[PDB]
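Residue numbers (PDB author numbering), protein chains in the order written: chain H, 301 to 400; chain V, 1498 to 1596; chain X, 1498 to 1547; chain E, 31 to 300; chain A, 251 to 300; chain L, 151 to 200; chain R, 51 to 100. Down below is the structure, laid out as structure tokens.
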């Protein structure tokens, strides 16, 4: 770990979580063909967990989740994910350009 | 009809085609998991660490783990092919000789 | 009918003129397409290569 | 012998029904052959623009009548009357104006539009079974029809019953009947009139009065819910809300996800 | 085709109207904004108030 | 489903029988309204409408 | 073996004497083949008999 921290400069923190999330998603996708429960509950757990992260890795996590899990998830889960992500900007837009 | 066994056999055959140095540990894990199913109770007493190890070995989903090794080996082979085609190598220990 | 069937046969015959090592892939794909039309639609879930 | 046409009791008839395979069914406009004994049925079919050829190997015609005519023969739907010339006739008596195809469940009477997708078990007022000693024993829905008959309601589920002709009847236990039904099954096959099916133990719930058994075939049918356990039914019925429609979940698309990670890992180092 | 609804019976047809709602996103026309409008209002109300 | 205002059909005996939307425009005809649904009908050239 | 025991659906053969046992055992989902070498059957009756 010290040798790893020697390189990659400041971005080792971003690289580590990005690799860990990719590995977890790869494991979940590998367990998909037998356990059909995973694609929904794991996506919900991932959405819940993504709050406790920095924005720098949060953006990468959102991009990876949208690229990978999109083609095999129900539509309403995706729309709920989008609404929950975009409420923080909808509030600002409504306050600054629509509210009274 | 049921063809899950045929699919598992095909996946194992394709894994054997993509031979790497890390296939032996997967084979050892699979054979140990198969072996522990038959005897099991004969030599498990006390030593909760031993019980934890046995439980961890038995619960491993090798059948759902082979497909991840497939993807891991595919990228390695693609990288090796890309290095060999455009750049070459100087080490004589490589198996690029006979071609 | 003539015009609706002879064209496909002519194309298939012309395909053999431009022979290549990948012709067997198309030959096997043609057998596969017909095989899982009067059969298959079965064999349930699990596995991913099949 | 050649069939003949008769016009007796014509004023008491409201309509006609067909008997196919020993089970009454509605008459289609495109059916080509029948066995007929009535001349008025010719006008009834011509008013609808139909034509047919008479043959003995075709479904018989029976008339719905508002008058008690003929007597009851066990194992045969409706009533049978023999004319003065020896020809036989068939009729469908009724109690109320609501008249349709009627079949008998072991405990209640339910009208149906199609025998194949209904709760029907028997289609006769009286049925006769072989006892434990190998001798025929009569049964009826109403014991007043024939002396010595046993009521249908006395029968019990999950018990093997054999008719005098060798047929076998096996029906599962139920807890609710009507528009919605709930059934319970064992690890044994059940058989009804003309069809036997194999099923596994469990519980099933149906939104319609259609026949339901615990197997993959009825599981794939819409409006049918089943479960291996009492509580597993809720999990099974709530699973599709998060589970996709089919096998469209191809896992080969993880290559794109791996590419992003490889690209960012290389870019950070560079 | 758009605008066409089908089902086995009256009850089944009522349930099949929501079939595209449990379909992957990339399986509908660009005019799918109707389902988004029908989803987001219900979600935001049922969460934020209740 | 109907090509023209008045049409001609074949009866059960094969004789031609004229039909039209209104009987008043052609004496001896029979109105379309009498045609029951789910019934096979045939024209001069063997065309089938149901 | 000279000892009375409870009955379970797993057993598959008995020496049947009572006729109503054939109906009682069917309600538990069991099936059996009659062989005299298999354990016998007894019935519980309140009335003093025998």
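Backbone N, C-alpha and C define an ideal beta-carbon position, used for all residues, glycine too.
message = Please tell me whether residue 1502 (chain V) has its Cβ less than 8 Å away from any Cβ of chain H.
response = Walking along the second chain from the start, residue 1502 (chain V) turns up at place 5. Not one chain H Cβ lies under 8 Å of residue 1502 (chain V).
ask   = Out of curiosity, what's the CA-to-CA distance linking residue 292 (chain A) and residue 312 (chain H)?
value = Counted from its first residue, the fifth chain places residue 292 (chain A) at position 42. Counted from its first residue, the first chain places residue 312 (chain H) at position 12. About 42 Å.
ask   = Buried or exposed: which applies to residue 255 (chain A), given that a residue is buried once 16 or more other Cβ atoms fall within 10 Å of its Cβ?
value = Reading the fifth chain from its first residue, position 5 is the one you call residue 255 (chain A). Residue 255 (chain A) comes out exposed.
inquiry  = Using only CA atoms, which one of R:68, R:51 and R:79 lies nearest to residue 95 (chain R)?
reply    = Here residue 95 (chain R) is taken as the residue at index 45 of the seventh chain, counted from 1. Cα-wise, what sits closest to residue 95 (chain R) is R:68.
Start-end ranges of the beta strand (DSSP E) lying completely within the segment 202 to 235 of chain E, minimum 3 residues = 203 to 206, 211 to 215, 220 to 222 and 225 to 227
query = So which residues of chain A does residue 374 (chain H) contact, with C-beta pairs closer than 7 Å?
reply = Looking up residue 374 (chain H) in the first chain gives position 74. Neighbours of residue 374 (chain H) on chain A, chain order: 272.
ask   = Quick one: is residue 128 (chain E) near chain R, going by C-beta distance under 8 Å?
value = Reading the fourth chain from its first residue, position 98 is the one you call residue 128 (chain E). So, not an interface residue.
ask   = Looking at the C-beta of residue 16 (chain E), does it have a partner C-beta in chain A at a distance below 8 Å?
value = This structure gives no information on residue 16 (chain E), because the portion of chain E shown stretches from 31 to 300.
message = Let me check understanding here. Comparing Cα to Cα, which of E:217, E:268, E:79 and E:205 lies closest to residue 337 (chain H)?
response = By 1-based counting over the first chain, the position of residue 337 (chain H) is 37. The shortest C-alpha separation from residue 337 (chain H) is found at E:268.
task = List the endpoints of the continuous alpha helix (DSSP H) containing residue 291 (chain H).
result = Nothing can be reported for residue 291 (chain H), as the shown portion of chain H is limited to 301 through 400.
task = Determine which residues of the segment 76 to 93 of chain E have a Cβ less than 9 Å from any Cβ of chain A, and write them out in chain order.
result = none
key: Beta-bridge pairing of residue 94 (chain E) - partner residues as DSSP gives them   = In the fourth chain, residue 94 (chain E) corresponds to position 64, counting from 1. Answer is E:45 and E:122, bridged to residue 94 (chain E).
request  = Take every Cβ of the segment 44 to 58 of chain E, pair it with every Cβ of the segment 84 to 101 of chain E, and state whether three or more of those distances are shorter than 8 Å.
outcome  = yes
query = Which whole-angstrom value describes the C-beta separation of residue 180 (chain L) and residue 169 (chain L), a residue pair presumed to lie in contact below a C-beta threshold of 8 Å?
reply = Residue 180 (chain L) sits at position 30 when you count from the first residue of the sixth chain. Residue 169 (chain L) sits at position 19 when you count from the first residue of the sixth chain. Correct: roughly 6 Å between the Cβ atoms.
query = If the cut is a Cβ gap below 9 Å, which residues of chain E does residue 62 (chain R) touch?
reply = Residue mapping note: residue 62 (chain R) aligns to position 12 of the seventh chain, counting from 1. Those do not exist, as residue 62 (chain R) stays about 13 Å from chain E at its closest Cβ, beyond 9 Å.
ask   = Which residues bound the alpha helix (DSSP H) around residue 388 (chain H)?
value = In the first chain, counting from the first residue as 1, residue 388 (chain H) sits at position 88. Residue 388 (chain H) -> alpha helix (DSSP H) spans 375 to 397.
query = What's the call for residue 155 (chain E), buried or exposed, on a 16-neighbour Cβ count within 10 Å?
reply = Residue mapping note: residue 155 (chain E) aligns to position 125 of the fourth chain, counting from 1. Buried: at least 16 other Cβ atoms inside 10 Å.
query = In chain H, which residues lie less than 8 Å from residue 279 (chain E) when you measure between Cβ atoms?
reply = Along the fourth chain, read from residue 1 onward, the residue named residue 279 (chain E) stands at position 249. Correct list: 332, 339, 371 and 372.
Where the segment 344 to 369 of chain H meets chain E: residues whose CB sits under 8 Å from a CB there = 360, 363, 364, 367 and 368
inquiry  = So with CB distances below 8 Å, who are the chain V contacts of residue 304 (chain H)?
reply    = Numbered from its first residue, the first chain carries residue 304 (chain H) at position 4. Chain V residues near residue 304 (chain H): none, gap ~20 Å exceeds 8 Å.
task = State yes or no: is the C-beta of residue 79 (chain E) within less than 8 Å of the C-beta of residue 157 (chain L)?
result = Locating residue 79 (chain E) in the fourth chain gives position 49, counting from the first residue. Locating residue 157 (chain L) in the sixth chain gives position 7, counting from the first residue. The answer is no: Cβ separation not under 8 Å.
request  = Answer yes or no: do residue 1504 (chain V) and residue 1529 (chain X) have a C-beta to C-beta separation smaller than 8 Å?
outcome  = In the second chain, counting from the first residue as 1, residue 1504 (chain V) sits at position 7. In the third chain, counting from the first residue as 1, residue 1529 (chain X) sits at position 32. Not a contact, by the Cβ cut-off of 8 Å.
query = By the 10 Å Cβ neighbour count, where 16 or more other Cβ atoms means buried, how is residue 64 (chain R) classified, buried or exposed?
reply = To locate residue 64 (chain R), count along the seventh chain from 1; it is residue 14. Of the other Cβ atoms in all chains shown, 16 or more fall within 10 Å of the Cβ of residue 64 (chain R); this residue is therefore buried.
Residue 345 (chain H) versus H:398, H:383, H:377 and H:304, residue with shortest Cα-Cα distance = Residue 345 (chain H) sits at position 45 when you count from the first residue of the first chain. The candidate whose alpha carbon is nearest that of residue 345 (chain H) is H:377.
request  = Specify the secondary structure class of residue 84 (chain E) as computed by DSSP and reduced to three states.
outcome  = As a working note, residue 84 (chain E) is residue 54 in the fourth chain. Strand at residue 84 (chain E).
query = Considering only residues of the segment 97 to 165 of chain E, which uninterrupted beta strand (DSSP E) runs meet the minimum length of 3 residues and lie entirely inside it, listed in chain order?
reply = 109 to 112, 118 to 122, 131 to 134, 139 to 142 and 156 to 160
ask   = Of all Cβ atoms in chain H, is any one closer than 8 Å to the Cβ of residue 284 (chain A)?
value = Counting from 1 along the fifth chain, the entry for residue 284 (chain A) is found at position 34. Not one chain H Cβ lies under 8 Å of residue 284 (chain A).
inquiry  = At a CB distance below 9 Å, what residues from the segment 150 to 168 of chain E approach chain R? Give them in sequence order.
reply    = 162
Residue 36 (chain E), DSSP secondary structure in three states = Counting from 1 along the fourth chain, the entry for residue 36 (chain E) is found at position 6. Residue state, collapsed to three classes: strand.
inquiry  = According to DSSP, simplified to helix, strand and coil, what is residue 306 (chain H)?
reply    = For this step, residue 306 (chain H) is matched to residue 6 along the first chain. Correct three-state label for residue 306 (chain H): helix.
Per-residue DSSP class, three states only, for residue 54 (chain E) = As a working mapping, residue 54 (chain E) is identified with position 24 in the fourth chain. Reduced to three states, the DSSP call for residue 54 (chain E) is strand.
task = Just tell me which of E:174, E:49, E:88 and E:283 has its CA closest to the CA of residue 130 (chain E).
result = Here residue 130 (chain E) corresponds to residue number 100 of the fourth chain, with the count starting at 1. Comparing Cα-Cα distances from residue 130 (chain E) to each of E:174, E:49, E:88 and E:283, the minimum goes to E:49.
key: Where the segment 213 to 247 of chain E meets chain R: residues whose CB sits under 8 Å from a CB there   = 216, 217, 218 and 231
ask   = Any idea which residues DSSP pairs residue 199 (chain L) with across the strands?
value = Your numbering for residue 199 (chain L) matches position 49 in the sixth chain. L:191.
inquiry  = Please identify the residue among H:394, H:399, H:398 and H:374 whose C-alpha is closest to the C-alpha of residue 278 (chain A).
reply    = By 1-based counting over the fifth chain, the position of residue 278 (chain A) is 28. The option with the nearest alpha carbon to residue 278 (chain A) is H:374.
ask   = Hey, would you say residue 215 (chain E) sits closer than 8 Å to residue 227 (chain E), going by beta carbons?
value = Taking the first residue of the fourth chain as position 1, residue 215 (chain E) is located at position 185. Taking the first residue of the fourth chain as position 1, residue 227 (chain E) is located at position 197. The answer is no: Cβ separation not under 8 Å.
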